[PDB]
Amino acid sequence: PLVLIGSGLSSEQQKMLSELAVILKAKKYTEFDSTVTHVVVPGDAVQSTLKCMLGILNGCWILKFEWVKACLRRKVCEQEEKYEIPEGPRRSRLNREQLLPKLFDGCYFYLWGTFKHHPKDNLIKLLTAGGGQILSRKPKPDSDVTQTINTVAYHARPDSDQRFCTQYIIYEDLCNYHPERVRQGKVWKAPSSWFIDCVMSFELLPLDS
């Protein structure tokens, strides 16, 4: 059961996607949800949008619009792999096909302070879609909740500190804040750009190394 959505597509391109969905006996959404299977972008790059990033975290096909043109011209569902955006999207799709944990499984996040460039609610949607859990109180390395969390992060290397230091205080960068150190106890301080870069590459990126 296919469910198509466009991200960054022109009006003409959206019309073609709608026409393709009919031919494929698929649905075409305009709002993302977890039943989406195919996200179509206009060119060779993942768009830096909530839809594309939710598509990555769901393991969707992220495909160049040439796939749509080829499907309509040849009147078949062309094989997705030839049109897939490489790196993050493919790594995530393969991750989902192998039934592996989501990118931020085992990780906990506290969204600290003001967010002007990345609406906080978008970060919450993303980290939740990626298997992360929200902390409602700021972690203090010397406190009750943060000393009792003992999860592991599947997408960290087993020998890295991110394997077992799985709590993240997220702050908005480009706002003149620089933590003295990136980690205190089990708690990292990470900029919102780190979070975005993780999703776009489908990697739990290091904050030190």
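Residue numbers here begin at 1 and follow the sequence given.
A summary of the deposited B-factors shows that, of 31-39 and 168-176, the stretch with the larger mean C-alpha value is 31-39. As listed in the deposited structure, the average C-alpha B-factor of 60-68 and of 45-53 is greater for 45-53.
Of all the options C107, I85, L135, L100, the entry's greatest CA B-factor is assigned to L100. Per-chain ranking of the deposited C-alpha B factor places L123 in the lowest third. Ranked by C-alpha B-factor against the other modelled residues of its chain, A153 falls in the lowest third.
Ranked within its chain, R181 lands in the middle third, by CA B factor from the PDB record. Remark: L207 belongs to the middle third of its chain, ranked by C-alpha B-factor as recorded.
In the PDB entry, a CA B factor belonging to the middle third of its chain's modelled residues is recorded for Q14.
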